[PDB]
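S.K.: Quick one: this structure, given as structure tokens, is what I'll be asking you about.
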Amino acid sequence: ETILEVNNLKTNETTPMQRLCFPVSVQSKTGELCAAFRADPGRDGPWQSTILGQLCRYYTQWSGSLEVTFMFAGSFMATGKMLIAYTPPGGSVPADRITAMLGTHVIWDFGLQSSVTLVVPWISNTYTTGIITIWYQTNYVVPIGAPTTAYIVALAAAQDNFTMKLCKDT
Amino acid sequence: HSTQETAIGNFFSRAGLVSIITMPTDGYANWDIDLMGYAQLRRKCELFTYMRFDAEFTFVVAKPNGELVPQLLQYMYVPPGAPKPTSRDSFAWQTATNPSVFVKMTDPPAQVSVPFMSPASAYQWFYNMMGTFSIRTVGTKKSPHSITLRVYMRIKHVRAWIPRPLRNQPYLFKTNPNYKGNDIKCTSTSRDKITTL
Amino acid sequence: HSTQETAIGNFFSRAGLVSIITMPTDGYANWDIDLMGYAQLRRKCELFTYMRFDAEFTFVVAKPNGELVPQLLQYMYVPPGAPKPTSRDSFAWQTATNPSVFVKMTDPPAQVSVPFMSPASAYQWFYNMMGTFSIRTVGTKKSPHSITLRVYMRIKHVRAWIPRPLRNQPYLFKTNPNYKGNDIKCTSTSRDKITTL
Amino acid sequence: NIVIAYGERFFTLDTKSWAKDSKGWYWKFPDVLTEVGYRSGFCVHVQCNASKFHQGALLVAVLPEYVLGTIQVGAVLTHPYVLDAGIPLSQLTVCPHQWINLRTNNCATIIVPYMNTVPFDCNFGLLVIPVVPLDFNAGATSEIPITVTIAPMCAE
Amino acid sequence: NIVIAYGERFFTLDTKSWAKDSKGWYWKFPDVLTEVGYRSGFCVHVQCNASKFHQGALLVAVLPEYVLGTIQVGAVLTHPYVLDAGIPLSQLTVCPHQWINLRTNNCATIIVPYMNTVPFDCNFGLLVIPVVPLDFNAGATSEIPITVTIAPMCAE
Amino acid sequence: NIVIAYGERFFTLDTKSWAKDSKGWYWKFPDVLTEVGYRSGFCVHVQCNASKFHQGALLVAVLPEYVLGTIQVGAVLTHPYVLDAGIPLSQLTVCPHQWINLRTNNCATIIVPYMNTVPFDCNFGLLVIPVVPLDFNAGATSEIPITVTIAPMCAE
């Protein structure tokens, strides 16, 4: 499990240390979107920073299952709920929290746990895009003294059925 | 399917060009054997720390434009710890301890295998001298033909240890892994917002 | 007699010409591998729907008039999904992942076998990209010899599925099975009356 | 939560102050014990003492043959995104590593055996990088100490 | 703490914001699942996420044949003392109920079976009433989310 | 008279009118059931209702990967001698086919299994071609209906 770069904005090019974590806050409302990213290791994007997306550049075709592990780095006295939705390939991006709950999703509350693992069923490359959206289920509540913002670090690794062939020099 | 294509032996197959030597009308060249000679085969070898293998060379020799002439050549391999030839008619060309081959230009190219020549148990890129080659034309007179050749190198019996993060910055020197401090380019590509899929 | 001559393996034997390449005095060619290049081997391959086989190539190279010259050539095979060479001295000619051969013109021709390179289980003509070849002369100077060559292709280990009616109309394009709508020629020959034997 | 590298007394160093704008520290082994108090093993222990109102995350990871590049206390990293060696921070988890997240646990220990081409002979390093920065409110303690405890094993 | 009514997938609705002057919310069953994603059962789950510095108490209770009177998101109660139906709030514990007190526990689930005069055919409601109001100091989170999770059982 | 292709509920489409100058109809599978009411099989049933005073013959035949060429209801063939694809009508019996001759029998059904290079993924077509034209006398019914009944089997 190596670290991704989900927060690849235009203003983070000068300070590249902020590209490893995306922030949550109190002022964000409920039922809104926090982050969204593709699930392709070959093409450019958030998967260029992992070792899975750097060794698949030496090949052409790959097929198998992946997993994405999130990690919370907030205060101990804070609690809340997040929604980690996954759309099937060929579908559309959800517009709100309601239609994203009907698909494949997991409710992750960081008041009890600290890491959630979302497993992608199958990807292939001969669109096939596996968009994972981060939704705000409940708002971020903190007591007095606790910090208002926190950060989530996303990791990514492959399963035991991820094969590749057709070696190609970059 | 099976997992044979992603093995460590097939990842270092399909021998490519490692050197190019042009000898126009001095008469001798000295090419040191080094893996980090191009952008390729340096990022692929820096994925690990300890490597153990043998070498396999091929000397495809021709004229600068296609054709071949009946000329006799000599490819002398200098062992690690032996003096290099400093002239065309030096005493190092007749040294019996330095093995050499004698092929022509109208000959299929030579196939020379160089074994594991390190005093340790494996090679080390982060802290070897595998050898040097010397190429000259035989005879005591200047041959009136421009000679050029390219060397292809295969890597057999690959064994790797201690995987390492891959280099994403361009190289500046070939002795140390240096980078430029005026800018740090991002590994990933950027977008306008984190919500735009 | 036995029924060995009408087998599916012997029906696709006896390799014929699939391409002709003329390189006069650019220096490099790019020939895409395609079975439907002539009138032959297209009506015979459209008898079925799913085919599974491997390839076998031979590069007979000469001058435009008979004779041979001592010239060194290179036949580089580009895998499906790799960038093609766009120039004579491009970076694609030194790519290690693209396999190449180095033969001369005074050499018996090369024998290259290309395996089943499709992501599916069989090829499909009715709804593949098996590969492309790149041929150039070595060296940094223009060779003063006009070079021409022809490629012969064999088909081994033939397996066929879903037989199809044979095409009796002439082809217009090479992507879709189109015909001309102004006239429909008859498959059979006509006679004056149905009673005249 | 004992992690062993690749599946095969107690010296206490100084305490580093995790500030709000800290970048990282690294120690060279076995140079860190050459003035206080060859083939050996190692058993390092990295632990920090923070309250339940501080947030942050550290990434402790050993790195064999960690060489640097030109632009006991340990030096301070200048560019922690490329680790002053060209390799990225996000791919550092291919080494034997451990996460020190201030929400749950406050300890991290790595078992490192001997690793060299020659059996008898600086072998490895130890990077502690604040991936998630320290955040707190006004009035709390501005510095959090990080103590490193090293224990040698089977020295020859 | 499983309570069953009278001794005999997982849909997630929207999150309601428990404000300082909230009065109550009610949902009509089975109307709340008629646009997302007859004889059946029900297994509802009411849980909220609050810190250890907030105080308050909720009263979740089902009510079969809850009809209203004239003066998916659910409506907001106007007069929570008479529940807009003439019946008092203090006698609502004769129904299968549960107390959500923020000092100890943060979950509440009620098992509701089928209940009608005809076996095949809005059956019941679900009132969440803030009996004890939410109180906090300045600087804390002003809203506390309340999530309702409904699970149907043995649908015919 | 069950024919199986290569030796290995009930949806009813519209009825086509077999006229005196009809040329043929074709349906694309599985596109014909994508608006009414992947790996599957198929069991199609083609039957027509005609009297004992009408004469004619139909040729129902499936065709895998039937692509067309440029010159639920199904389209009408323009040139039925070349089937708008260059292949002749007389060699169509190499496919799994059935003859609907109005003298003897009025039903035709073909069992078609799954057939593709990839097991999980328009697969095949279905041509109904009036080889022998319909003939009758004055006063009889000018149109004969042709009903297609499709039954899917073992869908995955």
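Every chain in the structure tokens has a letter given in the order shown (A, B, ...), and although residue numbers restart at 1 in each chain, ligands are simply numbered from 1 in the order shown.
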Please check the contacts: residues of chain A at most 8 Å away from chain B, using only C-alpha atoms, listed as a count of residues only.
M.R.: 28
S.K.: I need the chain A residues near chain D as an mmCIF file with C-alpha atoms, in the first residue's frame; criterion: at most 9 Å, counting only C-alpha atoms.
M.R.:
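Produced file result01.cif, reproduced below:
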```cif
data_model
loop_
_atom_site.group_PDB
_atom_site.id
_atom_site.type_symbol
_atom_site.label_atom_id
_atom_site.label_comp_id
_atom_site.auth_asym_id
_atom_site.auth_seq_id
_atom_site.Cartn_x
_atom_site.Cartn_y
_atom_site.Cartn_z
ATOM 1 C CA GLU A 1 0.000 0.000 0.000
ATOM 2 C CA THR A 2 1.712 3.156 -1.268
ATOM 3 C CA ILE A 3 0.476 6.738 -1.011
ATOM 4 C CA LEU A 4 -1.553 8.277 -3.829
ATOM 5 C CA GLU A 5 -1.786 11.940 -4.845
ATOM 6 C CA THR A 15 4.628 23.065 -2.256
ATOM 7 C CA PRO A 16 4.412 19.376 -3.270
ATOM 8 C CA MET A 17 4.050 18.110 0.317
ATOM 9 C CA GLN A 18 0.346 19.047 0.391
ATOM 10 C CA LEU A 20 -0.561 13.586 -0.255
ATOM 11 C CA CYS A 21 -3.597 14.575 1.855
ATOM 12 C CA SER A 49 2.417 8.555 -7.672
ATOM 13 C CA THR A 50 1.990 4.885 -6.707
ATOM 14 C CA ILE A 51 4.286 1.964 -7.465
ATOM 15 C CA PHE A 72 -7.646 9.421 9.108
ATOM 16 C CA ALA A 73 -5.168 11.763 10.808
ATOM 17 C CA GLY A 74 -7.485 13.886 12.936
ATOM 18 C CA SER A 75 -8.055 14.490 16.617
ATOM 19 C CA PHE A 76 -9.161 11.718 18.963
ATOM 20 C CA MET A 77 -12.116 13.718 20.333
ATOM 21 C CA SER A 114 -9.407 4.710 11.635
ATOM 22 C CA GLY A 145 -9.821 22.801 21.917
ATOM 23 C CA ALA A 146 -9.911 20.329 19.043
ATOM 24 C CA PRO A 147 -8.655 21.441 15.607
ATOM 25 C CA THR A 149 -9.566 20.750 9.969
ATOM 26 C CA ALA A 150 -8.214 17.228 9.528
ATOM 27 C CA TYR A 151 -6.539 15.311 6.711
ATOM 28 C CA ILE A 152 -7.099 11.946 5.021
ATOM 29 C CA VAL A 153 -4.272 9.978 3.393
#
```
S.K.: Mind listing the strand (DSSP E) residues of chain B, per DSSP on the backbone, as number ranges by chain?
M.R.: B: 16-23, 28-32, 50-62, 73-78, 100-101, 111-114, 123-124, 132-137, 147-161
S.K.: Quick check: residues of chain D within 8 Å of chain B, only C-alpha atoms, returned as a PDB file with C-alpha atoms, in the first residue's frame.
M.R.:
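The new file result14.pdb reads:
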```pdb
ATOM      1  CA  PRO D  64      19.202   0.433   3.196  1.00  0.00           C
ATOM      2  CA  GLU D  65      22.053   2.248   1.401  1.00  0.00           C
ATOM      3  CA  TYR D  66      20.374   5.653   1.590  1.00  0.00           C
ATOM      4  CA  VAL D  67      22.737   8.038  -0.225  1.00  0.00           C
ATOM      5  CA  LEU D  68      22.110  11.785  -0.492  1.00  0.00           C
ATOM      6  CA  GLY D  69      22.472  14.396  -3.216  1.00  0.00           C
ATOM      7  CA  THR D  70      23.681  17.961  -3.624  1.00  0.00           C
ATOM      8  CA  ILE D  71      21.096  20.684  -4.244  1.00  0.00           C
ATOM      9  CA  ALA D  85      17.792  11.620  -3.097  1.00  0.00           C
ATOM     10  CA  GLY D  86      15.365  11.772  -6.042  1.00  0.00           C
ATOM     11  CA  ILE D  87      13.049   9.019  -4.763  1.00  0.00           C
ATOM     12  CA  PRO D  88       9.481  10.070  -3.853  1.00  0.00           C
ATOM     13  CA  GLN D  91       6.627   5.143  -2.679  1.00  0.00           C
ATOM     14  CA  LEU D  92       8.572   4.787   0.581  1.00  0.00           C
ATOM     15  CA  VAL D  94       8.004  -0.588  -0.256  1.00  0.00           C
ATOM     16  CA  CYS D  95      10.559  -0.560   2.576  1.00  0.00           C
ATOM     17  CA  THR D 117      26.853  -8.310   0.177  1.00  0.00           C
ATOM     18  CA  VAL D 118      29.819  -9.201   2.420  1.00  0.00           C
TER      19      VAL D 118
END
```
S.K.: Hey, could you lay chain D over chain F with a least-squares C-alpha fit (all atoms, paired in order) and save it as a short mmCIF file (atom, residue, chain, number, x, y, z; two decimals) with C-alpha atoms, in the first residue's frame?
M.R.:
```
data_model
loop_
_atom_site.label_atom_id
_atom_site.label_comp_id
_atom_site.auth_asym_id
_atom_site.auth_seq_id
_atom_site.Cartn_x
_atom_site.Cartn_y
_atom_site.Cartn_z
CA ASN D 1 -38.29 -30.79 -35.25
CA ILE D 2 -35.97 -29.12 -32.76
CA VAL D 3 -32.76 -27.90 -34.41
CA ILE D 4 -29.79 -27.02 -32.18
CA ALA D 5 -27.03 -24.71 -33.39
CA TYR D 6 -23.75 -26.60 -34.04
CA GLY D 7 -24.67 -29.54 -31.80
CA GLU D 8 -24.54 -27.98 -28.33
CA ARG D 9 -40.81 -15.84 -19.88
CA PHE D 10 -41.86 -15.77 -23.55
CA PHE D 11 -41.45 -12.39 -25.26
CA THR D 12 -43.66 -11.83 -28.32
CA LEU D 13 -42.68 -9.19 -30.88
CA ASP D 14 -44.87 -7.53 -33.51
CA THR D 15 -46.41 -9.39 -36.44
CA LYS D 16 -44.98 -8.74 -39.91
CA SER D 17 -47.30 -8.73 -42.93
CA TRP D 18 -46.10 -11.07 -45.68
CA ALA D 19 -47.17 -9.15 -48.78
CA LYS D 20 -46.92 -10.25 -52.42
CA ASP D 21 -43.82 -8.09 -53.05
CA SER D 22 -42.07 -8.58 -49.72
CA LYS D 23 -38.28 -8.86 -49.70
CA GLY D 24 -37.33 -9.88 -46.17
CA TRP D 25 -36.88 -8.77 -42.58
CA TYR D 26 -34.00 -9.07 -40.13
CA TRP D 27 -33.68 -8.57 -36.37
CA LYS D 28 -30.53 -7.82 -34.39
CA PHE D 29 -29.93 -9.81 -31.21
CA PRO D 30 -30.04 -8.98 -28.35
CA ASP D 31 -31.14 -5.46 -29.30
CA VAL D 32 -34.77 -6.53 -29.87
CA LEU D 33 -35.49 -6.89 -26.13
CA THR D 34 -33.72 -3.79 -24.76
CA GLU D 35 -36.88 -1.70 -24.26
CA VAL D 36 -39.65 -4.23 -23.46
CA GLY D 37 -40.42 -5.66 -20.04
CA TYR D 38 -23.94 -10.13 -20.14
CA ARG D 39 -24.10 -13.81 -21.11
CA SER D 40 -27.25 -15.73 -22.06
CA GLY D 41 -28.77 -18.22 -24.46
CA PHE D 42 -31.75 -17.87 -26.77
CA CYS D 43 -34.74 -19.90 -27.92
CA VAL D 44 -36.58 -18.18 -30.79
CA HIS D 45 -39.90 -19.33 -32.28
CA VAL D 46 -41.03 -18.22 -35.75
CA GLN D 47 -44.57 -19.22 -36.73
CA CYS D 48 -47.12 -17.97 -39.24
CA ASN D 49 -50.86 -18.51 -39.73
CA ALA D 50 -51.95 -19.21 -43.31
CA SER D 51 -54.77 -21.18 -44.90
CA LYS D 52 -54.59 -24.24 -47.17
CA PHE D 53 -55.08 -22.09 -50.30
CA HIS D 54 -51.87 -20.04 -49.95
CA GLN D 55 -48.47 -21.13 -51.24
CA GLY D 56 -44.96 -19.97 -50.47
CA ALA D 57 -41.76 -20.75 -48.64
CA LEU D 58 -39.72 -18.87 -46.04
CA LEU D 59 -36.10 -19.34 -44.96
CA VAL D 60 -35.41 -18.52 -41.31
CA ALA D 61 -31.71 -18.65 -40.43
CA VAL D 62 -29.51 -17.15 -37.73
CA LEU D 63 -26.29 -15.41 -38.72
CA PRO D 64 -23.55 -14.63 -36.18
CA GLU D 65 -21.78 -11.27 -36.64
CA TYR D 66 -24.01 -10.18 -39.52
CA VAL D 67 -22.65 -6.79 -40.61
CA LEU D 68 -24.26 -4.68 -43.35
CA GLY D 69 -22.99 -2.58 -46.23
CA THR D 70 -23.72 0.75 -47.89
CA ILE D 71 -25.32 0.73 -51.34
CA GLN D 72 -38.06 -4.06 -32.20
CA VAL D 73 -39.85 -3.75 -35.55
CA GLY D 74 -36.89 -4.84 -37.65
CA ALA D 75 -35.70 -3.37 -40.92
CA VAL D 76 -36.64 -4.36 -44.46
CA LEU D 77 -34.02 -5.87 -46.75
CA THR D 78 -33.30 -3.91 -49.94
CA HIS D 79 -31.41 -6.50 -52.03
CA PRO D 80 -32.31 -10.00 -50.77
CA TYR D 81 -30.11 -11.80 -53.31
CA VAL D 82 -26.88 -10.52 -51.72
CA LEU D 83 -28.47 -9.91 -48.25
CA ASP D 84 -26.96 -6.35 -48.27
CA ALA D 85 -23.64 -7.90 -47.19
CA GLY D 86 -22.18 -9.50 -50.33
CA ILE D 87 -22.93 -13.10 -49.30
CA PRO D 88 -25.45 -15.01 -51.45
CA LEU D 89 -28.86 -16.23 -50.36
CA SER D 90 -28.32 -19.71 -51.82
CA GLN D 91 -25.38 -20.48 -49.49
CA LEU D 92 -27.20 -19.38 -46.32
CA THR D 93 -27.95 -23.00 -45.34
CA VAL D 94 -24.43 -23.44 -43.92
CA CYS D 95 -25.83 -21.61 -40.88
CA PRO D 96 -28.39 -23.27 -38.57
CA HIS D 97 -31.56 -22.75 -40.59
CA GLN D 98 -35.13 -23.97 -40.99
CA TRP D 99 -37.59 -24.00 -43.90
CA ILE D 100 -41.11 -22.65 -43.40
CA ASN D 101 -43.02 -24.21 -46.31
CA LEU D 102 -46.73 -23.37 -46.33
CA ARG D 103 -47.75 -26.78 -47.72
CA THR D 104 -46.87 -28.86 -44.65
CA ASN D 105 -45.75 -27.06 -41.47
CA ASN D 106 -46.33 -23.63 -39.95
CA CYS D 107 -43.69 -23.46 -37.18
CA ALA D 108 -39.93 -23.02 -36.90
CA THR D 109 -37.75 -22.80 -33.79
CA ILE D 110 -33.96 -22.59 -33.43
CA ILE D 111 -31.94 -23.20 -30.26
CA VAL D 112 -29.02 -20.75 -30.25
CA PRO D 113 -26.37 -20.95 -27.48
CA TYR D 114 -23.79 -18.34 -26.49
CA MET D 115 -21.04 -17.73 -29.05
CA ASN D 116 -18.27 -15.15 -28.61
CA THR D 117 -14.50 -14.93 -28.30
CA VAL D 118 -14.87 -13.42 -24.81
CA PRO D 119 -17.23 -15.23 -22.39
CA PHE D 120 -18.55 -12.03 -20.77
CA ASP D 121 -19.49 -9.09 -22.99
CA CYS D 122 -24.79 -7.51 -31.00
CA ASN D 123 -23.99 -11.21 -31.29
CA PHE D 124 -26.15 -12.66 -34.06
CA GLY D 125 -29.00 -11.82 -36.41
CA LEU D 126 -32.14 -13.51 -37.67
CA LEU D 127 -33.04 -13.34 -41.36
CA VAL D 128 -36.51 -14.28 -42.62
CA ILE D 129 -36.40 -14.26 -46.43
CA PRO D 130 -39.32 -15.15 -48.75
CA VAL D 131 -37.48 -17.35 -51.26
CA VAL D 132 -40.72 -18.52 -52.91
CA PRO D 133 -43.20 -15.61 -53.15
CA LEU D 134 -46.72 -15.71 -51.77
CA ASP D 135 -49.42 -16.48 -54.33
CA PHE D 136 -53.20 -16.61 -54.01
CA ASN D 137 -56.39 -15.92 -55.96
CA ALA D 138 -58.75 -12.96 -55.80
CA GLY D 139 -60.91 -12.72 -52.70
CA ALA D 140 -58.47 -14.39 -50.29
CA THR D 141 -56.53 -12.64 -47.53
CA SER D 142 -53.79 -10.48 -49.02
CA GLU D 143 -51.53 -10.49 -45.94
CA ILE D 144 -50.20 -13.38 -43.84
CA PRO D 145 -48.92 -12.54 -40.33
CA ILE D 146 -45.52 -13.74 -39.14
CA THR D 147 -45.06 -13.78 -35.36
CA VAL D 148 -41.66 -14.04 -33.65
CA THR D 149 -41.48 -15.42 -30.10
CA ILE D 150 -38.17 -15.19 -28.24
CA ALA D 151 -37.33 -17.04 -25.04
CA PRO D 152 -34.06 -16.33 -23.18
CA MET D 153 -32.28 -19.18 -21.40
CA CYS D 154 -29.70 -19.25 -18.54
CA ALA D 155 -28.91 -15.55 -18.34
CA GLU D 156 -25.83 -14.48 -16.38
#
```
S.K.: Please report the interatomic distance between atom CA of residue C:31 and atom CA of residue C:146 in Å with one decimal.
M.R.: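 Separating atom CA of residue C:31 from atom CA of residue C:146 is a distance of 17.8 Å.
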S.K.: What are the closest atom pairs, with distances in Å to one decimal, for each residue of chain C lying within 7 Å of chain B, using only C-alpha atoms, rows by chain and rising residue number, as a tab-separated table?
M.R.:
```
residue	atom	partner	partner_atom	distance
C:70	CA	B:67	CA	4.9
C:71	CA	B:67	CA	4.1
C:72	CA	B:66	CA	5.0
C:94	CA	B:17	CA	6.3
C:95	CA	B:16	CA	6.9
C:96	CA	B:16	CA	4.5
C:97	CA	B:14	CA	6.4
C:99	CA	B:14	CA	6.8
C:137	CA	B:66	CA	6.4
C:138	CA	B:66	CA	5.8
C:139	CA	B:64	CA	4.8
C:140	CA	B:64	CA	5.9
C:141	CA	B:65	CA	5.0
C:142	CA	B:65	CA	6.0
C:143	CA	B:65	CA	5.0
```
S.K.: May I have the selected residues written with N, CA and C atoms, as an mmCIF file, in the first residue's frame?
M.R.:
```
data_model
loop_
_atom_site.group_PDB
_atom_site.id
_atom_site.type_symbol
_atom_site.label_atom_id
_atom_site.label_comp_id
_atom_site.auth_asym_id
_atom_site.auth_seq_id
_atom_site.Cartn_x
_atom_site.Cartn_y
_atom_site.Cartn_z
ATOM 1 N N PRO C 70 26.859 -5.959 -50.515
ATOM 2 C CA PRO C 70 27.074 -6.184 -49.077
ATOM 3 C C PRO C 70 26.575 -5.030 -48.221
ATOM 4 N N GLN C 71 25.277 -5.024 -47.926
ATOM 5 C CA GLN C 71 24.645 -3.981 -47.133
ATOM 6 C C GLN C 71 23.961 -4.603 -45.922
ATOM 7 N N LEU C 72 24.092 -3.945 -44.774
ATOM 8 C CA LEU C 72 23.502 -4.405 -43.527
ATOM 9 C C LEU C 72 22.171 -3.703 -43.297
ATOM 10 N N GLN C 94 16.151 2.513 -31.128
ATOM 11 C CA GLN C 94 16.983 1.989 -30.055
ATOM 12 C C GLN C 94 16.163 1.510 -28.863
ATOM 13 N N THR C 95 14.861 1.310 -29.041
ATOM 14 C CA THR C 95 14.017 0.829 -27.957
ATOM 15 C C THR C 95 14.248 -0.662 -27.739
ATOM 16 N N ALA C 96 14.559 -1.036 -26.495
ATOM 17 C CA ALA C 96 14.876 -2.423 -26.183
ATOM 18 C C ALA C 96 13.652 -3.330 -26.217
ATOM 19 N N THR C 97 12.460 -2.790 -25.969
ATOM 20 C CA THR C 97 11.244 -3.593 -25.958
ATOM 21 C C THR C 97 10.752 -3.956 -27.352
ATOM 22 N N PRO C 99 11.658 -5.872 -30.560
ATOM 23 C CA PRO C 99 12.673 -6.801 -31.062
ATOM 24 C C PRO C 99 12.986 -6.555 -32.530
ATOM 25 N N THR C 137 17.973 0.964 -43.153
ATOM 26 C CA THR C 137 19.377 0.607 -43.285
ATOM 27 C C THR C 137 20.165 1.234 -42.142
ATOM 28 N N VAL C 138 21.154 0.500 -41.634
ATOM 29 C CA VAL C 138 21.935 0.985 -40.503
ATOM 30 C C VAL C 138 22.939 2.031 -40.977
ATOM 31 N N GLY C 139 23.452 2.811 -40.030
ATOM 32 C CA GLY C 139 24.435 3.829 -40.343
ATOM 33 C C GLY C 139 23.880 5.236 -40.279
ATOM 34 N N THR C 140 24.767 6.229 -40.260
ATOM 35 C CA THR C 140 24.380 7.632 -40.231
ATOM 36 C C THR C 140 24.557 8.318 -41.577
ATOM 37 N N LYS C 141 24.836 7.560 -42.633
ATOM 38 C CA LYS C 141 25.006 8.111 -43.965
ATOM 39 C C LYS C 141 24.063 7.405 -44.928
ATOM 40 N N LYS C 142 23.691 8.124 -45.984
ATOM 41 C CA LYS C 142 22.750 7.610 -46.970
ATOM 42 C C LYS C 142 23.427 6.548 -47.828
ATOM 43 N N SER C 143 22.869 5.340 -47.828
ATOM 44 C CA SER C 143 23.440 4.252 -48.609
ATOM 45 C C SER C 143 23.109 4.441 -50.089
#
```
